[PDB]
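Only one chain comes next, encoded as structure tokens, the form deposited in one PDB entry.
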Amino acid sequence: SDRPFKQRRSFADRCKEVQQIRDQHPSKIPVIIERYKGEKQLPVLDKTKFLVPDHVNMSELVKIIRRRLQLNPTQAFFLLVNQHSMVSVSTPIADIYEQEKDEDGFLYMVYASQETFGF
């Protein structure tokens, strides 16, 4: 450990949590954001669970993660859905949530450095 969030929290706990936040924060998309597997070059975030305003596009989430990570302009990074799915930056996060959310109700995302993918 640390392991993936899915392995640190039972499915039952994750399902329950999602039901509750959606209840308390109906306009927020619940997002798990973790480092891509074996990624060591980019830093870990202070928090794993994000509450993302549902009217926003992917690009707004990317700009936020970029700022959470404190990357300088020269560092490029990927924000992938699930294991390695590329998501258009003009795509609404509510749409990605609908198509790609887990059975437990979270949307899972991972980030990786350009070096991880050979750039």
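Residue positions are given as counts along the sequence shown, with the first one as 1. The term rigid core refers to the maximal set of C-alpha atoms that superpose within 1.5 Å between the two forms.
- Stretches 56 to 64 and 70 to 78 differ in mean CA B factor, with 70 to 78 having the higher one.
- When the mean C-alpha temperature factors of 27 to 35 and 85 to 93 are read from the deposited coordinates, 85 to 93 comes out higher.
- Of the candidates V18, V110, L107, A12, the one whose C-alpha carries the top B factor in the deposited record is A12.
- Among the modelled residues of its chain, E100 has a C-alpha B-factor that falls in the middle third according to the deposited record.
From this point on, the text means the form deposited in another entry, which you will not see here.
- Superposition on the rigid core between this form and the one not shown places the CA atom of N82 2 Å or more away from its counterpart.
- In the other form, the Cα-Cα separation between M58 and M86 shrinks by 3 Å or more relative to the displayed conformation.
- Inter-residue distance, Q83 to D13 (Cα): increased by at least 3 Å in the other form versus the depicted form.
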